Amino acid sequence: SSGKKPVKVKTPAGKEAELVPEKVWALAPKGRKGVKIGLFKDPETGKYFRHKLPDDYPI
DNA sequence: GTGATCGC
DNA sequence: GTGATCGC
């Protein structure tokens, strides 16, 4: 499940950026809220990283 | 510990 | 096979 809307993320290199996650999913235990997680690629470094998504980002 | 995901 | 992602 890939993303469409950009997300404001802090990259591994330390910079603020607005990137479209390549994949998004819910990361939540049974009976608990959890978080939403996006898999991102830093356009500068080429490095993949995971980052929290806003709670209303569409999964 | 829990939850899913995948580049490394 | 799992680090790293988060809030509970």
Side-chain angles (χ1 to χ4, degrees):
Chain A
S1 180
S2 60
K4 302 188 181 75
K5 302 172 183 183
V7 185
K8 264 185 61 181
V9 300
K10 200 116 66 202
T11 68
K15 296 177 182 170
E16 290 284 344
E18 288 202 9
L19 306 170
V20 176
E22 298 188 6
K23 305 263 182 68
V24 300
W25 65 98
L27 179 60
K30 290 157 190 179
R32 308 220 204 182
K33 193 200 191 322
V35 297
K36 297 174 169 189
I37 298 291
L39 177 62
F40 295 86
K41 194 179 203 168
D42 191 335
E44 295 215 71
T45 73
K47 172 161 163 148
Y48 278 89
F49 64 107
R50 287 160 168 81
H51 194 289
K52 184 202 173 159
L53 307 173
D55 290 335
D56 65 319
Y57 195 97
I59 295 313

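Letters go in sequence order (proteins before strands), and every chain restarts at 1.
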- Take atom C1' in B:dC8 and the same atom in C:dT5, then report the distance between them in whole Å. 15 Å

- Please indicate yes or no: do B:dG3 and B:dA4 satisfy both the under-5.5 Å centre distance and the under-30° plane angle for their six-membered base rings? no

- Item | Joint cluster assignment, A:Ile37 & A:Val24, ILVMFWY side-chain distance < 4.5 Å | no

- Task: Hey, could you give me each pair passing ring-ring contact (aromatic ring centres under 6.0 Å, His included) that has a residue in residues 3-36 of chain A? Not counting sequence neighbours.
- Result: none

- Query: Is C:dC6 stacked on its strand neighbour C:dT5 by the under 5.5 Å, under 30° ring test?
  - Reply: no

Distances for protein N/O vs nucleotides 3-7 of chain C N/O pairs under 3.5 angstrom?
unit_1, atom_1, unit_2, atom_2, d
C:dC6, OP1, A:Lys52, N, 2.8
C:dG7, OP1, A:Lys52, NZ, 3.0

- Kindly give the heavy-atom pair with the smallest separation between A:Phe40 and A:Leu19, and that separation in Å. CE2-O, 3.6 Å

- For DNA chain B, whose closest nucleotide is more 5', that of A:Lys30 or that of A:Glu22? A:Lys30

Please tabulate, for side-chain N and O atoms in residues 45-59 of chain A, each donor-acceptor pair with protein atoms closer than 3.5 Å (sequence neighbours left out).
unit_1, atom_1, unit_2, atom_2, d
A:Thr45, OG1, A:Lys47, N, 3.1
A:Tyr48, OH, A:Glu22, OE1, 3.1
A:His51, NE2, A:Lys10, N, 3.4
A:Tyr57, OH, A:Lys4, N, 3.2
A:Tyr57, OH, A:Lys5, N, 3.4
A:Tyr57, OH, A:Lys5, O, 2.7

- Query: Judged by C1'-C2'-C3'-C4' (positive north, negative south), is the sugar of B:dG3 north or south?
  - Reply: north

- Taking atom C1' of B:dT2 as reference, at what distance in whole Å does atom NZ of A:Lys36 sit? 18 Å

- Message: Is there a path of hydrophobic side-chain contacts, each under 4.5 Å between heavy atoms of I/L/V/M/F/W/Y residues, joining A:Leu39 to A:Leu27?
- Response: yes

- Message: Categorize A:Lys47 for me: base, sugar-phosphate, or nothing, with a 4.0 angstrom heavy-atom threshold over every strand shown.
- Response: nothing

